[PDB]
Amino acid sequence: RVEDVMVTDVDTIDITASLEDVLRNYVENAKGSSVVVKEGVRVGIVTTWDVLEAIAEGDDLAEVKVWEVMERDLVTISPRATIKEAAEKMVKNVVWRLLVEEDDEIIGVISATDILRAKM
């Protein structure tokens, strides 16, 4: 199940950060995503795909704040879901990562990389 393959040690970024920060975190530290935090509460996820979308639109990455592009509802899954169910949600929503929520709070992230490694 998701709880068996998820990562609880999540990378976070403040809600006031920009896509330039997300880009930098990827290029300098290899971080493909971050869980967005607002005053200590995890509220969504921002990813390098959001950066690519901004580049495609010609946006100034420093001016796009992470709250403008973060996601939560369609990318959240229960730790009780099976790995196949997690893969199905990733495929339906065309995302590489899902936020894992329990007791209304984000407790981790599961990525297609994790699922592929577990299958192998």
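Residue indices: 1-based, along the sequence shown.
J.: Take the C-alpha B-factors listed in the entry for 17-25 and for 108-116, compute each mean, and give the stretch with the larger one.
T.: According to the PDB entry, the answer is 108-116.
J.: May I ask you to compare 46-54 and 70-78 by their mean CA B factor in the entry and name the higher one?
T.: The stretch with the larger mean CA B-factor is 70-78.
J.: Using the B-factors in the PDB entry, rank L99's C-alpha atom against the chain and give the third, lowest, middle or highest.
T.: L99: CA B-factor falls in the lowest third of its chain.
J.: Sorting by Cα B-factor within the chain, modelled residues only, which third would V35 end up in: lowest, middle or highest?
T.: Lowest third.
J.: Among all modelled residues of this chain, ranked by Cα B factor, put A87 in the bottom, middle or top third, i.e. lowest, middle or highest.
T.: Its C-alpha B-factor, which the entry lists for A87, ranks in the lowest third among residues of this chain.
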